[PDB]
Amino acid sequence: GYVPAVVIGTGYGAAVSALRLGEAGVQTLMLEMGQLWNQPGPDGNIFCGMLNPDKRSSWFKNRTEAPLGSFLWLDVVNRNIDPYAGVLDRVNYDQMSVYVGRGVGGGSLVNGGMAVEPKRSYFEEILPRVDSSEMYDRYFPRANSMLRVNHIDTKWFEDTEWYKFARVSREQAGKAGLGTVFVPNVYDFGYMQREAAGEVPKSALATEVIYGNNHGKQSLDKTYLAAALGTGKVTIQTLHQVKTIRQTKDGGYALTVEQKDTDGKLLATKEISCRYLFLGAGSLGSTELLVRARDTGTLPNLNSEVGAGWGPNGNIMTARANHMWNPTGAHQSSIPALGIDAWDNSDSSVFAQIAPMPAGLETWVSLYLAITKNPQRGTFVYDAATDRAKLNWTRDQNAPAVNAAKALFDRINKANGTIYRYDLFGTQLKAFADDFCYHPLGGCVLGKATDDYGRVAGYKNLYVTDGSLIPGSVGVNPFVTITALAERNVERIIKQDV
């Protein structure tokens, strides 16, 4: 029942932490509520694609859903399903829906693989207490290398039909005096070229991403987690969800963990104790565990900052209708490669990802996922009645985000004589999706709810390592920052505490 170190979750913060702990000789147990995705399903594949969604696509839902922005073309493939331990979870709060991965590797299993370093000037603005030289000289480079970030071949990108959708938006943005930038990725671009050449099994070129990629994507299970297990000091137990956390009579930590099967049936409740406890359950998971512990009195010394400072990384989705002479293509790589960088740290800052659409036929639609600078923050409040942390965030709090996104795309529409699509997110004439989030950030902010390295305030040997540490915004796709920060944190923690 005892293990020196326990890491809750297997996402970015968790993976980095477990690898370094293992390398330092600390026997570590990782607890993951989702599945280890390595068994072929009904179609001979581990994951289901976006055009053939089944129970594997969702975390305990009774019906599949179309990827945001593609309901008009993909609802036709939606089917009723048995609640199952699927890979993608849509967590619905009062006025916000947060998408998170569930499985060994966490969000790395379902994300777009976009590996982007935040602008240094912005990093220094959001985390002034952190030494930025150390982050850019050592931690970002280390994260880049271990994550296996790579770059797309420009010649191939320019010629391939699979990225015509990206080229169309580049041309359109150019007329408004806006340039584009290549987005590094963990998806093997060399493999992607071979897919287009019909030399290897297609994944990104076979409408796969949001429910996992059967090939090509260097998710954490192949990188950090593989290395962690390789140390001989790390083990991973799946379908194990931590419910409570308390401090033992001697300073260690005890956890109640529920083991379930893939159908969600409770198989057993175990008691696991440790000397060092690392939380890597994500922005939602780690914050909920802490607000629960504080409010139920199992960790009575947690401060008032626990639960505060949450932000959706200013996530806003919108789309533009192209002229008939600017078709985006029926064949679109599921992995984005280009983005529009209009981020100058001001309130009008927008870094938008040119997103592909899975329809498989010509729709003339250009889809974009904008990351904005919105000061609004939400707070996770514990509800003792349902034993769930509720996110206090209202839709109108995304107004500044919508405004920033709209001002940028209005410029592109004006320069091209194009208009927005208003029917992609429902039948209510909404050109901007403002109640979804792929990048949850905050809840246990670094330096507020914890010290500058993630040590939870009020406790010893208790650490938070994931996206809950970030103060609601990074101005870019978040995983590289979470990874780099985790490298910085665990290295210091092992040196001084272990």
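The numbering used is simple: start at 1 and walk along the sequence shown.
**Student:** Mean C-alpha B factor from the entry: is it higher for 421-429 or for 268-276?
**Tutor:** The stretch with the larger average C-alpha B-factor is 421-429.
**Student:** Identify the stretch, either 371-379 or 247-255, whose C-alpha atoms have the larger mean B-factor according to the entry.
**Tutor:** Higher mean C-alpha B-factor in the PDB entry: 247-255.
**Student:** With respect to the C-alpha temperature factors reported in the PDB entry, which of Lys155, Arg292, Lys202, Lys217 ranks highest?
**Tutor:** Each of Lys155, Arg292, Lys202, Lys217 was compared by C-alpha B-factor; the highest is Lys155.
**Student:** Between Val100, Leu74, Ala281, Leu338, which one tops the list for Cα B-factor in this entry?
**Tutor:** Checking the PDB record, the top C-alpha B-factor among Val100, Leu74, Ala281, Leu338 is at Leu338.
**Student:** With respect to C-alpha B-factor, does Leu68 fall in the lowest, middle or highest third of the chain as deposited?
**Tutor:** As the PDB entry reports it, the C-alpha B-factor of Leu68 lands in the highest third of its chain.
**Student:** Going by the CA temperature factor in the PDB record, which third of the chain does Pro327 belong to: lowest, middle or highest?
**Tutor:** Tercile = highest for this residue's CA B-factor.
**Student:** When the modelled residues of the chain are sorted by Cα temperature factor, does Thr386 land in the lowest, middle or highest third?
**Tutor:** As the PDB entry reports it, the C-alpha B-factor of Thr386 lands in the highest third of its chain.
**Student:** In terms of the CA temperature factor given in the entry, to which third of its chain does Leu441 belong: lowest, middle or highest?
**Tutor:** It falls in the bottom third of the chain.
**Student:** Considering only modelled residues of the same chain, in which third does the CA B-factor of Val3 rank: lowest, middle or highest?
**Tutor:** For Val3, whose C-alpha B-factor we compare with every modelled residue in the chain, the answer is the highest third.
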